[PDB]
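The chain below stands alone and is given in structure tokens; this is the form deposited in one PDB entry.
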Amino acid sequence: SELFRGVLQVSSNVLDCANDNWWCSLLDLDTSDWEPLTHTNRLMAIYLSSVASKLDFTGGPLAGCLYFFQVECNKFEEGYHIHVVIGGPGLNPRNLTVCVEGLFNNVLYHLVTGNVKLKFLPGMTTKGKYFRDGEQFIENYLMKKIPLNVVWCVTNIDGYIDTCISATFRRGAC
């Protein structure tokens, strides 16, 4: 496949501006092969789930796209960062950033107080082109993370729908 990849940063300002809608959102999350999700970790898992649900039924440039979203927090990291792997017939290097930002920010809009938005940074090659190695990046890198270093993961890609939130499979992949 030829999937793009990039990252959205989540500063601590985003979580500081989380509103009642976000803190009170009730959504089922399958943590039976995961660590318990509480506090702002659960908010990020809920958010990622909501973004995926929106994407599953969106038209326009994002129609029919394959995606893999993974929210992470490293040691000493404030906030979170979201790895995005995404591709489809309507997505191209000219519209990728606006389309991904619009998708994530349209969901975030109802969850934060104020004009708080995320930005998307595409991963770029040595020659300055957008990477199209997204599926290999999932296999080589993203799937080798274990919770709660990886906080949550959502995908519609065949090879990962059954392992994306399997701590057991992820542990064996490292």
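We call the rigid core the largest set of C-alpha positions that still match within 1.5 Å between the two forms. Just count from 1 along the sequence shown to find any residue number. Only residues modelled in both forms are compared.
Averaged over Cα atoms, the B-factor as recorded in the entry is higher for 56 to 64 than for the other of 56 to 64 and 136 to 144. Two stretches are in play, 43 to 51 and 26 to 34, and the higher mean C-alpha B-factor belongs to 26 to 34. In the deposited entry, the Cα temperature factor of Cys153 places it in the lowest third of its chain's modelled residues. When the modelled residues of the chain are ordered by C-alpha B-factor, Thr126 sits in the middle third. Among the modelled residues of its chain, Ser12 has a C-alpha B-factor that falls in the highest third according to the deposited record. When all modelled residues of the chain are sorted by CA temperature factor, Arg94 is found within the middle third. Per the PDB record, residue ranking by Cα B-factor puts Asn105 in the lowest third of the chain.
As for the form deposited in another entry, it is not shown, yet the points below apply to it.
For the set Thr38, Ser32, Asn140, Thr125, a Cα shift of at least 2 angstroms between this form and the one not shown, after rigid core superposition, holds for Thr125 and for no other residue.
Relative to the superposed core, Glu77 shifts its CA atom by 2 Å or more between this form and the one not shown. Compared with the form shown here, the C-alpha atoms of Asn74 and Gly79 sit at least 3 Å closer together in the other entry. The rigid-core fit between this form and the one not shown yields the following 3+ residue runs with every Cα displaced by 2 Å or more: 74 to 77, 125 to 128.
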